[PDB]
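Notes follow once the structure below has been shown.
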Number of protein chains: 4
Amino acid sequence: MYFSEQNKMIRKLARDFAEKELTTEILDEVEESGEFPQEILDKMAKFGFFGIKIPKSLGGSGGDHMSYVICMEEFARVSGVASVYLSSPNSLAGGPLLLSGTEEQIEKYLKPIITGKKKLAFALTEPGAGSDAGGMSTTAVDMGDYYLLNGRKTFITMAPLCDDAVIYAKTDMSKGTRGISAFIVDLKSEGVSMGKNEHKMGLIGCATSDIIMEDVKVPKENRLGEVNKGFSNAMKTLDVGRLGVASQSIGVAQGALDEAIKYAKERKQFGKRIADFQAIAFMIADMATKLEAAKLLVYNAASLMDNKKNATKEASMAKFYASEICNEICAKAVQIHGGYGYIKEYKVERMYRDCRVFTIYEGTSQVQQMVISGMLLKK
Amino acid sequence: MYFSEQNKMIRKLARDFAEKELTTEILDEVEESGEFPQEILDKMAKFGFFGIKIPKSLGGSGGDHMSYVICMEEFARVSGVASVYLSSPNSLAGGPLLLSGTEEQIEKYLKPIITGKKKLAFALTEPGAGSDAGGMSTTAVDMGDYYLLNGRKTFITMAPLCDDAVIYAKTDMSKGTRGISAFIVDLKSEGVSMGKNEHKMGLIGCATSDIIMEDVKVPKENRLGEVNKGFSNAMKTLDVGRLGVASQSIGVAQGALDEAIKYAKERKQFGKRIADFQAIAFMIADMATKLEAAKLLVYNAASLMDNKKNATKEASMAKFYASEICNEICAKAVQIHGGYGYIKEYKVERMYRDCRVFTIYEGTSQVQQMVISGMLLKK
Amino acid sequence: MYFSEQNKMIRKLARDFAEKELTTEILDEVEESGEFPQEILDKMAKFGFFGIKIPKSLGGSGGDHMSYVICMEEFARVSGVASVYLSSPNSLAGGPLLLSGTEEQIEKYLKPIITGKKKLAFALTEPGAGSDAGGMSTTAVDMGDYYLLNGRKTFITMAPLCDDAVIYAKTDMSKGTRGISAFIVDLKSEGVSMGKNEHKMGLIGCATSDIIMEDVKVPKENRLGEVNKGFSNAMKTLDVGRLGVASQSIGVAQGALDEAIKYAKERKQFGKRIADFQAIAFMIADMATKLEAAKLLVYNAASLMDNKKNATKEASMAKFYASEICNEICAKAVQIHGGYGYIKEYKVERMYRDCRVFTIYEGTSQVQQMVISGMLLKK
Amino acid sequence: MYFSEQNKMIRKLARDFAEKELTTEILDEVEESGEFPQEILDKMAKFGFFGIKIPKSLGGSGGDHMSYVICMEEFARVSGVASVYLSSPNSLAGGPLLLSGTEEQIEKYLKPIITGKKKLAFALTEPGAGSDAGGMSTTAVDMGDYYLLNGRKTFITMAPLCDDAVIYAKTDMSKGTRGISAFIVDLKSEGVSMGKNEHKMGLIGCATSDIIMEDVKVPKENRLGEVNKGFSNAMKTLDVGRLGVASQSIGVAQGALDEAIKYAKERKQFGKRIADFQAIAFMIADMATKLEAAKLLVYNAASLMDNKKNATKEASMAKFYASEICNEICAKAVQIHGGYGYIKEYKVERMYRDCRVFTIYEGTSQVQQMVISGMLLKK
Ligand SMILES: Cc1cc2nc3c(=O)[nH]c(=O)nc-3n(C[C@H](O)[C@H](O)[C@H](O)COP(=O)(O)OP(=O)(O)OC[C@H]3O[C@@H](n4cnc5c(N)ncnc54)[C@H](O)[C@@H]3O)c2cc1C
Ligand SMILES: Cc1cc2nc3c(=O)[nH]c(=O)nc-3n(C[C@H](O)[C@H](O)[C@H](O)COP(=O)(O)OP(=O)(O)OC[C@H]3O[C@@H](n4cnc5c(N)ncnc54)[C@H](O)[C@@H]3O)c2cc1C
Ligand SMILES: Cc1cc2nc3c(=O)[nH]c(=O)nc-3n(C[C@H](O)[C@H](O)[C@H](O)COP(=O)(O)OP(=O)(O)OC[C@H]3O[C@@H](n4cnc5c(N)ncnc54)[C@H](O)[C@@H]3O)c2cc1C
Ligand SMILES: Cc1cc2nc3c(=O)[nH]c(=O)nc-3n(C[C@H](O)[C@H](O)[C@H](O)COP(=O)(O)OP(=O)(O)OC[C@H]3O[C@@H](n4cnc5c(N)ncnc54)[C@H](O)[C@@H]3O)c2cc1C
């Protein structure tokens, strides 16, 4: 779109930073030892990347959505897992706090994660409930002085590293999608237990496991907003989160392309260089135009959010198209690198593996199509 | 992108107009009798659609590029051939006049075509020179009091209806791309003769033939700008023209989609309506998201032109992606209509046929990829 | 696959024939005047092309299914409409006779159409019943000595040229798919009336209209096989018909490819010939490998039919994949021809238009996917 | 095609075998410890899988090419790395021996690898010479009683496990593609040294490194056939090898599809089971029809080889189309599994990673297109 002069500066910051602090030496160590260095996280919160769109009124940074997408893109370009550690407090953890949270809860909960002292997990997915989050099975019972919960959450990002976790349980089992409340649970409490870290294909550096809740008591003073609102809470958080996922799609995309034209300029085979063979140069073109076309897709979505019009469709398109053509791009970049793009030392293979969940998690491409077509066909 | 409040009004105008004046009854008669009604052309120039981006300083309308794209889109949606009769004086005829034309030439030539009295053909393509316009063969010789030309131009839109035609001939046969001048030729003069109207697949209502030049003398006072500049003249006209072609791609696209979701809402087969079958609804989604993604592509290109930064890449992407996904869309719309979308009474078949040149003319998709990749790979 | 030496001979015949009798001069007149020359049909039946798979036991020709596909392919390469006039008596007309017809019915009905004296239309589709042929609305009532019918059929190939027509009507309206009988109706009789010839996009030379039935009485002696088997009758004819449609898919494909590499060898741009630009040569490759891959798909289906195992899935895959990649091929061939491929004199545009229905009629690609997936997931 | 009854039996054997000996427990340990169990290789040679197409005349097994593809497919379905350990002695090692090797050389070299005592690496690729194998830089000098070599080979499968290696060096540096001889070098000799094992994305269990030659002297008695024929030797081995690669393409495809429809039958969302949502069932269909279409592509190529006509194009199409649509399939299968398909315990992710090299090695898809188009346009 068009970038505000402050957002151009932020772009400059996230560039020099993400490029400078995420060295080859480190990122290799993250894949081998699935542990992101706490020192870097602290370093990020110190300059506020953990607080981009939250305003100074609550002790944030006072940026706009476009600044969140800009930082998301420019980070994810260099490393995927970095992006994961970035989106959580900006969007998935700091979302429902920012919407359905009393002033006390925000004082005791949000500012810690913006400054990097506390870590917060957004926990919705169950073994029986994936795309159909409305078909949850975790229960939440009102006992008066506290709430009692009994359930199980799979695929919970960062959870073993998290201190509290926003967990969605079914309060009114009859109302279904109308009867879900949202609670803040201290993961250190009773009954709560974690599953094994899951061995995933990519995005290695951030642990991901199950949250098991066994007769865990949660005080009433730690419930998110109104009772039976939890579902709308999670949707309206999910829109900005999906903007996040499309944002990292576009990041790692632009990156794998940059590595693409670099290798294609440098490698020679028939006396010509690779990039002077028509098949390749056209292929580069094709990738470039999709990437831009759709950069414009997602930029537009975020600008809508910033000007307060509903972005529920526009974001869904952004996540869908961005992640899909990201995968197409990542693959093609392998193919330009040729054989060498299959060895782990060439950065393009880590990308190719990373960019695959992008079409699954945060709502599959199918769920995206369901939202969009369902929005265009109502009569 | 974001639309200026005047451009929203223009959108309203071109909508009510194109919708109101291009009735089924007429458009059917245009396909049967390959003749667009002069009365409608006059009607268009009377409200200035023939003069959108040319400023009031020269007797134009004072709009911006985004207003040219808006009108191009909203017209082309309803009828392709209408768009053709629209882009000519706005972009292809009024371009080189606006750039490399003396004040006298513009007084005697441009204002007529803005008011619809004169018609001007942009003639570059030869039988031997297509994508490679630099390999022209029409010659132009300096005799002192006039220029003498000898050549032949194929595929010249509107030419039998045109009064003068901007014709590019080779002056310095040795310089090639560096030695091409541009001349204004009265088509009524000596030696000049026209070929047969070509029977094309779609875009029926506008005649298209060869311009044959046989020892035709042209006065020196009718040359475009400097000698041997003609080529750069034609390129810099071609950028805004390509914006035009992408503009009509996006128009007829949005239209065939609108007909798409309409038929899919109305038709019933298994008791359900068509649109409630998952394959279709998802298909609608896919088409919609590409179309928007890329609407954002071309809107962005035009905004760049309006703010004076070079749009030579951005436009090329716009023409490429827009026309290609337009064809994909047009086809899919046939497939939703099912059998009925194969009969001429259903508007979708005229679209499907129209939208096919979009990837060929104004520079093929291959030439587009050549420009783009060649721009990204220079080292 | 591997062709039996007699089938190679048949390939030679249909090649030299279709090439020699279907000249450019004729086919243009067929497009302009939507009338195929009766003299050519007679000429075809005289050498037996009207009777390929019907055996000499009934006075047919004694070929195998692979011989029907061979003639279908080699004809369709040269002209689409020829194929339409070819498949009808081989598959669509001679099918239900061959399954559920007594020897008398075959004596009075089939031999005429094998020798080209009579013409038979296969009429199933209604305005309300397309893909869902089971939701028919045409009725058939038992009066003892004859049946009484009241309904309406759209999109009936060749019908205004046909002497009798196999019409599927609902006898037991409650049984639905289980309660449909098939009757032979002489179109010259009472009540029978035709709709307008439909103006279709391509495949021009064969009329196609509605068959309107208003209290038309039909004798019992003209019913297909047992009562209420008709639906399975029509399905099992539809399988070999679908083999037909894939056959012409593969035909027009080979043609448009042959024009593709021919034009690409002959035309030169920028000094090189077209075919020496890497993009084109690769494009040719891509079309070729798909085409072959899937030629092998369809040859195999027909060979299965010849060795008597059920070919109901395999044919469905053949029709689906063959028709879709046929369209992709046809388009790409236009794009190689460049601008010239948009004028009707270049054969590639007639192909491009013909090959479009291929994915709709004889069961859409969607119906194909429904059949195939429904066949693979039953456990 | 149509399988000879002995080849159906062989299909049964390789199925029950690959299924019974390659258990989940083992294959996980192979990924973790990049070492395939020697006990299994011995077990395979004991039943002759190491000698499929080599005939009993030389102490082989007497199968046909179709039997090599059958075992390749049915093995690769279950595990990719198994296939790698399978194709080497059948095609890549036993190829050049079979063409340009004297009976003594075959006595001392081939029978060991058919019985699994010795291992032979096919070493052609250099760091400067990939697709352009003709631009080699390894040298071979004639000293009379032996040859002296100095060069370097990257990406040599199985090399650290191999006892001898067929190495292609340039003898006449001026003749280029016409001046390459092929030699057998015992890897335990002098000068010979190995590079590091390369960390590849998938196909983990088989080591792959550089073969470094530093003034290694090789006796004349170990040269392949006539001098300077070696290149055509290596090409004509590469054709059957490419048939191999397409064979495993088709294998891992069938596997990932089988996991696809299995998971899609068992998993239920929103109340329905996965497979009863139209998008999925159609997706399954699409993968299936392509897979079959092209299974037929490759079966046919191998049958041609068995009946002795040149299969150089047909195999190239088979490798190209087979590997590409294999990747498309593998990915889509991930997407059906949803989130769970991104964790290593679900077999589909190992497939997805394995099937990626398939389009690069044994000649890239680009080299395939170059061969195919170059074969179709020569006139
Ligand atoms: C797991 C594995 C095992 C291997 N085993 C063996 C083995 O046993 N023996 C062996 O000899 N090799 C082996 N190789 C090497 C492999 O076969 C080759 O590397 C392969 O041919 C590609 O080589 P390259 O990457 O150097 O090609 P590069 O030339 O480096 O790649 C160029 C890229 O651009 C494309 N390209 C190349 N030339 C052109 C052109 N003129 N026009 C357009 N596009 C072009 C290609 O498609 C490719 O994508 C193995 C590789 C791997 C990954
Ligand atoms: C040139 C021509 C010749 C013909 N000749 C004959 C002939 O000789 N005999 C004859 O009987 N018919 C004939 N037909 C009719 C043709 O075979 C049928 O119309 C065809 O089956 C499609 O019918 P329809 O358009 O009504 O389908 P519609 O149902 O009107 O179309 C529905 C559309 O949505 C899709 N769709 C349908 N149901 C579903 C679903 N449940 N889920 C998802 N998607 C769905 C379909 O793919 C299709 O694109 C002819 C048609 C043409 C164009
Ligand atoms: C309706 C219509 C209106 C037109 N109006 C005008 C007009 O007003 N003015 C005008 O000047 N022209 C006009 N044209 C012509 C059109 O602009 C030209 O045809 C177009 O620029 C391409 O020329 P060509 O068709 O001759 O392409 P050709 O070059 O003849 O065709 C070459 C083909 O191969 C590809 N190709 C070409 N060069 C290369 C390369 N180097 N590498 C790889 N692939 C390549 C192209 O994609 C194309 O498919 C019109 C055409 C049509 C159909
Ligand atoms: C790295 C990672 C991190 C994650 N982090 C989180 C997290 O922080 N919080 C969280 O809540 N979840 C998280 N998840 C889980 C993820 O959000 C869910 O998996 C996702 O929402 C989809 O759920 P599912 O994978 O179970 O899909 P499933 O529903 O189990 O899979 C169904 C499959 O079929 C398709 N499908 C589903 N429903 C339909 C339908 N109605 N019609 C047609 N097709 C359909 C889908 O595309 C999908 O491919 C994470 C997952 C991963 C891999």
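Cβ coordinates come from backbone N, Cα and C, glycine included.
Going by Swiss-Prot, these are the annotated features:
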| type | residues | note |
| --- | --- | --- |
| BINDING | A:122-131, A:155-157, A:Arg267, A:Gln278, A:335-339, A:364-366 | FAD binding site |
| BINDING | A:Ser131, A:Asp239, A:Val240, A:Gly241, A:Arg242, A:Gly363 | substrate binding site |
| ACT_SITE | A:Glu362 | active site, proton acceptor |
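Minimal Cβ crowding within 10 Å, among the binding-site residues A:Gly128, A:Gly241, A:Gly338, A:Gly363, is found at A:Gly128. Close to ligand 1, meaning a Cβ under 6 Å from one of its atoms, are these of the recorded positions A:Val240, A:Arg242, A:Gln335, A:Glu362: A:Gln335. Within the set A:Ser131, A:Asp239, A:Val240, A:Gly241, A:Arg242, A:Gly363 that the record links to substrate, no two Cα atoms are more than 17 Å apart, and one pair reaches that distance. Listed in sequence order, the binding-site residues among A:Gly128, A:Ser131, A:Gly241 whose CB lies under 6 angstroms from an atom of ligand 4 come out as A:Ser131. With a 10 A radius on its CB, A:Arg242 (substrate binding site) counts 28 other CB atoms from all the protein chains. Straight-line distance linking the Cα atoms of A:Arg242 (substrate binding site) and A:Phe122 (FAD binding site), rounded to a whole number, equals 14 Å. Its own atom aside, the Cβ of A:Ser365 (FAD binding site) has 20 Cβ atoms within 10 angstroms in the protein chains shown. In sequence order, A:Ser131, A:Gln335, A:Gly338, A:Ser365 are the binding-site residues among A:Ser131, A:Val240, A:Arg242, A:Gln335, A:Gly338, A:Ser365 whose C-beta falls under 8 Å from a C-beta of chain D.
For A:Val240 (substrate binding site), the spatially nearest entry among the recorded positions A:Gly128, A:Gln335, A:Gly338, A:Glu362 is A:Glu362, judged by CA separation.
For the recorded site, A:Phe122 (FAD binding site), the DSSP three-state label reads strand. Using Cα positions, the member of the binding-site residues A:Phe122, A:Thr125, A:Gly128, A:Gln335 nearest to A:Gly363 (substrate binding site) is identified as A:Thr125. When the Cα atoms are compared, A:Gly241 (substrate binding site) and A:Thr125 (FAD binding site) turn out to be 15 Å apart.
Sequence-distant contacts (6 or more apart, same chain, Cβ under 8 Å) of A:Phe122 (FAD binding site) comprise A:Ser88, A:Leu92, A:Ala93, A:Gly95, A:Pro96, A:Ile156, A:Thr157, A:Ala165, A:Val166, A:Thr237, A:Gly241. Taking CA atoms as the reference points, A:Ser131 (FAD binding site) and A:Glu362 (active site, proton acceptor) are 9 Å apart. The distance from the Cα of A:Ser365 (FAD binding site) to the Cα of A:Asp239 (substrate binding site) comes to 14 Å.
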